[PDB]
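>>> Here's my sequence, what's the structure:
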Amino acid sequence: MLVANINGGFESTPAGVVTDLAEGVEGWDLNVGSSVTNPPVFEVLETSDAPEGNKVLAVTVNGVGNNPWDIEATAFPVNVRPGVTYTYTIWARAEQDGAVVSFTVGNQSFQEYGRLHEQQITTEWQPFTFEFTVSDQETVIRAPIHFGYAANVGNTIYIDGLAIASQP
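Numbering: from 1, shown residues only. Take a look:
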């Protein structure tokens, strides 16, 4: 069953620590700015507890910066349709409860459609979703997930489930 978001949950990604977030997970790309004063850990893990499939991105956040955008993991590429409405669902889970993460969507024009960031996360997988439709005419989009906050510090954040598809 194809879909808009590809490997948005590291499902088609083989476990193994990442060496280049930009060219690590095809469904998920990461990017750190000078704000990241501390080096975060980007690595994929395979667990049966995974929310979607059995692969996720286990990150070890432990040191925020002077900006609310130190570690950022976006998902892409995604495929949508002009006029049709798509769905957005994702699952977050950190080794320790009390972790915050941000999951938003937007195309290359920065045009964001859905928006759900600034939320606490338990030590398990939380199913968060919503509905939206191509605002303008972007056949491809990507949900930029934010990371690098004190509420997510001293805790490993595992992300998996970022998928974009409509319902029958």
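
>>> The spatially closest residue to residue 60 that is not a sequence neighbour - how many residues pack around it?
Counting by CB to CB, 6 or more residues apart in numbering, residue 60 lies nearest to residue 41, which is 3.4 Å off, once chain neighbours are set aside. All C-beta spots, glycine's among them, are computed from the backbone N, C-alpha and C. Residues lying near residue 41 (other CB atoms under 10 Å) number 13.

>>> One more: the one 10 residues further on?
A count of neighbours around residue 51, defined by other CB under 10 Å, yields 21.

>>> Relative to residue 159, how far out is it?
9 Å (CB to CB, to the nearest Å).

>>> who touches both of the two?
91, 93 (CB atoms under 8 Å, 6 or more residues apart in numbering).

>>> Checking residue 29 next. Helix, strand or coil?
Classification of residue 29 using DSSP: H, G, I helix; E, B strand; the rest coil returns strand.

>>> check which helix or strand covers the spatially most central residue of the chain.
Note on the chain: the residue nearest the mean C-alpha position is residue 145, at 4.6 Å, using CA atoms, centre = their mean. In the assignment (DSSP states H and E), residue 145 maps to strand 140-147.

>>> do residue 48 as well
Going by DSSP H and E, residue 48 is not in any helix or strand.

>>> Report how many residues lie close to it.
With other CB under 10 Å as criterion, residue 48 counts 5.

>>> ok, it - contacts?
Contacts for residue 48 were tallied using CB under 8 Å, 6+ apart; they are residue 54.

>>> Please name the residues that touch residue 164.
Residue 164 is in contact with 3-5, 8, 78-80, 86-88, 105, 141, 143, counting by CB under 8 Å, 6+ apart.

>>> just checking, which of the residues you listed belong to strands?
Here DSSP state E is the test, and the contacts of residue 164 give 78, 79, 86, 87, 88, 141, 143 as lying in strands.

>>> now, which of these sits nearest residue 131?
Looking at these and their distance to residue 131, the nearest is residue 87, at 5.8 Å (CB to CB).

>>> No more questions from me, cheers.
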